[PDB]
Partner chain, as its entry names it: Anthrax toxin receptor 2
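Single chain ahead, written as structure tokens, the form solved without the partner chain.
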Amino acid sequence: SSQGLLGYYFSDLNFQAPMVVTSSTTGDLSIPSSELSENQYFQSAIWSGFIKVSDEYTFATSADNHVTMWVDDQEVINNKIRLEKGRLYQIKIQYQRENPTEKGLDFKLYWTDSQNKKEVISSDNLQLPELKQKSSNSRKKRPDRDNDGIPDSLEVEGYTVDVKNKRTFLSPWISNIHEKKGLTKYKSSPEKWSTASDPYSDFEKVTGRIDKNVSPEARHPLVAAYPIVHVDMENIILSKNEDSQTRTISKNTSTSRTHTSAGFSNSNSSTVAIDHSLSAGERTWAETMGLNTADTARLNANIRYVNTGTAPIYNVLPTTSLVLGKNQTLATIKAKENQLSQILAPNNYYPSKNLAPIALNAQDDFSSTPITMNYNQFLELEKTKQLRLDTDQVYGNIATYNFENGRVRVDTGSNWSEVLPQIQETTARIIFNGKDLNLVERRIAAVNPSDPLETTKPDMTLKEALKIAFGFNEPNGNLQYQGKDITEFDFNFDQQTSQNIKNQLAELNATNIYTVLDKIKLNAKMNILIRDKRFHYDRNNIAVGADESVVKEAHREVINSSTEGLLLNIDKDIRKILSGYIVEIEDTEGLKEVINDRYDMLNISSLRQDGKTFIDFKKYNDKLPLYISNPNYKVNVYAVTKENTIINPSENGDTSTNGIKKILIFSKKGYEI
């Protein structure tokens, strides 16, 4: 399907000004004009590839007088010649006619065997040229300095790819034509086989000869294809270390990928929040588990892997540490190499969500290691109610397109450990939480002034990178992420890159960046950060708050209400930074009665299967609705955001909601309900 030969077609006479770059699967190297105006006249054209077969052959084309043909560097056209079953031969073909009266080029390629069967060279005996930074022992490689297949001028001057029903075209970019048609205009360094410096050529990327599992956005030459993994623990379950009654504490967790300032760190970490709610009694966990001073405890949890990246992993999963406190590693989760039941795809889990999560200590695994804590680690644990999950960047082997057989395959000689150094070396990183408020990294090829090779890649402008990498557009002129204006998110950098940007603005006589993004330029090693303005973000850049206005507003559209609970319409996004609600009744004088006056009893919201939110007033009022012994009493519901979420009885022990900073979001009389 992606096999055959590779044609350059120049409008000029000498392979100087390339019009179309394409491939035919059989011998017929034609191109109907039905597939292309003042430029549709090729005065020269080249064709490159190999050939496999045993017999005595004679090559003939439909123009043995405009052509030259070499098989393994020997001339054959400007006569019979022997070939052998099970060997490949280079194949170069040139063409030149001085004033082609027609548009396009009709040109087939024949071969006649010994029985005299002449014909066009089947697609089964035709293979591409080995466009790859290195030569195989079967195939060798030789206006394509980086050898990626896309001709130099084209890679410098821009090029587009029209996806015809058989094969693809690669042609110069033209404003009047493709600009209206909305075809994506490409550019890329002619001296990088791959410009985002990853493992797919600038050629494989645009022509679809690439691991299908790679992100559509990373199909761009300047958008970097590479994995990004983190471990999403989904919940947890604690035991006393060794015939007594089941004495454990099972609780959900919430895990978010993190980035600590922007900061030049390339690590993969995420941070677990063990739920602090109510699971009968206000017992300490040792009181809940019969743990003594000199006891031990052990941990278990279902965890999935998360690729928030653009390339996929195949045979080796990255090794995690379960750290507690700042640096106390309780465990080291490993997966069994070259044995991955499935692949882990970008924007996707392993095990898939339709399947089970991994348990740290799987059912019948006799070699699963006890994750143990001493006593003061266990207190420590309850105190902080949180564990971190650092994950290396050993990702194993890569699925590289094979040219000879036009098939994508895991390739043993190509490892992700030999590529990340340079991706992260010669690209500028961006981190955006615009999607479901999660930190999502990406990287874009950007000029490295103090490095001559990185000054051969096209310029990358802020406005552009957002569009190629993250999919902004400008439907009416203003730049947008799936609805939201680019002004809705803020810009953080790290320090060197901040200075850098600052400087540029003074130069453009600009005072506001949002209105000069197109003019801002991106250099390699830049780190950038972009977060929805509506929110407060902790030191790990996770969303953990909001304005009192943002929240109150969010909850303003109430649907129904009753002495049994509120039924609102709240944004999935707001709903992500809320940790619970408080319910109280205000008598006529001003006293307040707290229906659920505990720090682990605030979990009374439950998202319906219809998208709306219901606030179960009954859940902690003893399954009873609310009793209002005077209609002029008010029913007041505050909201509590994660940043003001108490998770342990105060210093004096008071386990009430007393003191908790919360937000009034609903108030009505007994008679207003």
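Only the largest set of C-alpha atoms that superpose within 1.5 Å between the two forms is called the rigid core. Positions refer to the first chain, counted from 1.
- Where the other entries of this protein model the residues before and after it, residue 244 is dropped from at least a third of them.
- When the other compared entries with both flanking residues are checked, residue 142 is unmodelled in at least a third.
- Missing coordinates between residue 279 and residue 280 amount to 1 to 3 residues of the deposited sequence.
- The stretch of deposited sequence separating residue 640 from residue 641 contains no residues lacking coordinates in this entry.
- Mean CA B-factor, 98 to 106 versus 233 to 241: the higher value falls on 98 to 106.
- Taking the PDB entry as given, 498 to 506 carries the higher mean Cα B factor of the two stretches 498 to 506 and 268 to 276.
- Comparing the listed residues 185, 132, 429, 552, the entry records the largest Cα B-factor for 185.
- Taking the PDB entry at face value, the top CA B factor among 219, 257, 117, 457 belongs to 117.
- Among all modelled residues in this chain, the alpha-carbon of residue 593 has a temperature factor (C-alpha) in the lowest third.
- For residue 416, the recorded CA temperature factor ranks within the lowest third of the chain's modelled residues.
- Looking at the C-alpha B-factors along this chain, the one for residue 251 belongs to the middle third.
- Sorting the modelled residues of the chain by their CA temperature factor places residue 178 in the highest third.
- Sort the modelled residues of the chain by CA B factor and residue 390 lands in the lowest third.
Missing here is the form deposited with the partner chain bound; even so, the following discussion is about that form.
- Taking a 4.5 Å heavy atom cutoff to the partner chain in the deposited complex, the contact residue among 51, 626, 36, 647 is 626.
- The partner is absent here; in the deposited complex, the one residue of 601, 324, 71, 274 having a heavy atom within 4.5 Å of the partner chain is 601.
- Partner contact region in the deposited complex: 613 to 621, out of 57 to 65, 613 to 621, 22 to 30, 41 to 49, criterion any non-hydrogen atom within 4.5 Å of the partner chain.
- Interface residue remark: residue 281 is counted as part of the site for the partner chain in the deposited complex, having a heavy atom within 4.5 Å.
- Although the partner is absent here, residue 597 sits close enough that one of its heavy atoms falls within 4.5 Å of the partner chain in the deposited complex.
- Contact check for residue 638: no non-hydrogen atom falls within 4.5 Å of the partner chain in the deposited complex.
- The partner chain is not shown here, but in the deposited complex it comes within 4.5 Å of a heavy atom of residue 287.
- For the three marked residues, 490, 515 and 535, no heavy atom of any sits within 4.5 Å of the partner chain in the deposited complex.
- Using a 4.5 Å cut-off on any heavy atom, the residues of 635 to 673 that reach the partner chain in the deposited complex are, in sequence order, 655, 656.
- Superposed on the rigid core, the two forms differ between this form and the one not shown by 2 Å or more at the C-alpha of one listed residue only; from 211, 217, 454, 232 that residue is 454.
- With the core held fixed, residue 630 shows a CA shift of 2 Å or greater between this form and the one not shown.
- The Cα position of residue 26 differs by less than 2 Å between this form and the one not shown after fitting on the rigid core.
- Remark: with the core as the superposition reference, the CA shift of residue 621 between this form and the one not shown reaches 2 Å or more.
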